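K.L.:
Here's a structure for you.
Computed from the coordinates by the stated procedures, all read-outs in this text should not be read as laboratory data. Reconstructed Cβ throughout: ideal geometry from the backbone, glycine too, with neighbour counts over all protein chains shown.
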């Protein structure tokens, strides 16, 4: 379902264990009200799509991974296929989230 | 110079002590590399303009004030005149920062 990332090691290895699957990462934070509003739809998507991997990084716990991926706005969704970043956008837009997933799967 | 805000009380009272002056607030965070890149220009502006008040809120310490002002991206600058928010933008753009200050002074 949604995998909670708590280190750079786990981020790196999960992208390595994903194989050829799409990985969608949600960069969220506690003070972000839109990030709270979209957490249930984010979790529903992981159950709807079994062949996509869904990760969550709270920028406050993983400030290193947050600076590396150059997160600007809350929430940000970055999309990875074989360790290459293939997409990214900011904002809690549910249609575009699922729309981009269906584009990169 | 740049006043460090560490509570909702200090945010509220500084906007109250500003009187009729412009207050520019910098919503920053530790993991934000652009927020680091623009901190010296932010501090230079407080010395250049003695008749404007310059505040800094780190969103990680003041998560309440951060949710209330509905901060989305790092950094955000919100502009206040007599407690009314008169402007806001996101991004570490130095010309627009100073350009908006000269517009609302």
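K.L.:
Name the residues in region B:56-76 that are out of contact with any helix residue (DSSP H, G or I) (no Cβ under 6 Å at 6 or more places or on another chain) and more than 9 Å from chain A (Cβ to nearest Cβ), would you?
P.N.:
Hits for region B:56-76 are B:56, B:58, B:61, B:68, B:69, B:76.
K.L.:
If we keep just the residues of region B:1-18 that are surrounded by fewer than 12 Cβ atoms within 10 Å (Cβ to Cβ) and in contact (Cβ under 8 Å) with a residue 40 or more places away in the chain, which is nearest to residue A:28 (Cα to Cα)?
P.N.:
B:4
K.L.:
Please work out which residue is farthest from the other protein chains (Cβ to nearest Cβ), limiting yourself to region B:28-37 and to residues that are closer than 26 Å to residue B:105 by Cβ and buried (at least 20 other Cβ atoms within 10 Å of the Cβ). Give the derivation first.
P.N.:
Filtering region B:28-37 down to residues closer than 26 Å to residue B:105 by Cβ leaves B:28, B:34-35, B:37.
Now drop any that are not buried (at least 20 other Cβ atoms within 10 Å of the Cβ), which leaves B:28, B:35.
On the way: B:28: 12, B:35: 10 Å.
Out of the qualifying residues, it is B:28.
K.L.:
Limited to region A:16-38, what total is found for residues that are within 11 Å of the chain's Cα centre (by Cα) and under 23 Å from residue A:63 (Cα atoms)? Write out each step before concluding.
P.N.:
Initially, region A:16-38 is screened for residues within 11 Å of the chain's Cα centre (by Cα), giving A:22-28.
Remaining after also requiring under 23 Å from residue A:63 (Cα atoms): A:23-28.
Selection size over region A:16-38: 6.
K.L.:
Of everything in region A:40-62, what is crowded, with 16+ Cβ neighbours inside 10 Å and under 19 Å from residue B:59 (Cβ atoms)? Give them in sequence order. Outline the logic, then answer.
P.N.:
Step one: filter region A:40-62 for residues crowded, with 16+ Cβ neighbours inside 10 Å, giving A:42, A:45-46, A:49, A:52-60, A:62.
Answer for region A:40-62, where residues must be crowded, with 16+ Cβ neighbours inside 10 Å and under 19 Å from residue B:59 (Cβ atoms): A:56, A:57, A:58, A:59, A:60, A:62.
K.L.:
Tally up the residues in region B:63-75 that are surrounded by 22 or more Cβ atoms within 10 Å (Cβ to Cβ) and more than 21 Å from residue B:9 (Cβ to Cβ), please.
P.N.:
Result for region B:63-75: 2.
K.L.:
Just to be sure before I move on: is residue A:50 free of Cβ contacts under 8 Å to residues at least 12 places away in the same chain and either within 17 Å of residue A:87 (Cα to Cα) or part of a loop (DSSP other than H, G, I, E, B) (or both) in the structure I sent? Spell out how you get there, then give the answer.
P.N.:
Numbers: free of Cβ contacts under 8 Å to residues at least 12 places away in the same chain: yes; either within 17 Å of residue A:87 (Cα to Cα) or part of a loop (DSSP other than H, G, I, E, B) (or both): yes.
So residue A:50 passes the test.
K.L.:
If you don't mind, another one. Residue under question is residue A:25, and the condition is that it be outside any loop (DSSP other than H, G, I, E, B), in contact (Cβ under 8 Å) with a residue 24 or more places away in the chain and within 13 Å of chain B (Cβ to nearest Cβ); does it hold?
P.N.:
Details: outside any loop (DSSP other than H, G, I, E, B): yes; in contact (Cβ under 8 Å) with a residue 24 or more places away in the chain: yes; within 13 Å of chain B (Cβ to nearest Cβ): no.
So residue A:25 does not fit the description; no.
K.L.:
Only one residue in A:71, A:57 is in a strand (DSSP E or B) and under 21 Å from residue B:90 (Cβ atoms). Which one? Reasoning before the result, please.
P.N.:
On the way: A:71 fails: in a strand (DSSP E or B).
Going through A:71, A:57 in turn, the sole match is A:57.
K.L.:
Yes or no: region B:90-97 includes at least one residue that is surrounded by 21 or more Cβ atoms within 10 Å (Cβ to Cβ) and in a loop (DSSP other than H, G, I, E, B).
P.N.:
Among the residues of region B:90-97, at least one is surrounded by 21 or more Cβ atoms within 10 Å (Cβ to Cβ) and in a loop (DSSP other than H, G, I, E, B), which makes the answer yes.
K.L.:
Restricted to region A:77-89, and to residues that are touching a residue at least 40 places away in the same chain (Cβ under 8 Å) and exposed (fewer than 14 other Cβ atoms within 10 Å of the Cβ), which residue is farthest from the other protein chains (Cβ to nearest Cβ)?
P.N.:
Of everything passing the filter in region A:77-89, A:82 is farthest from the other protein chains (Cβ to nearest Cβ).
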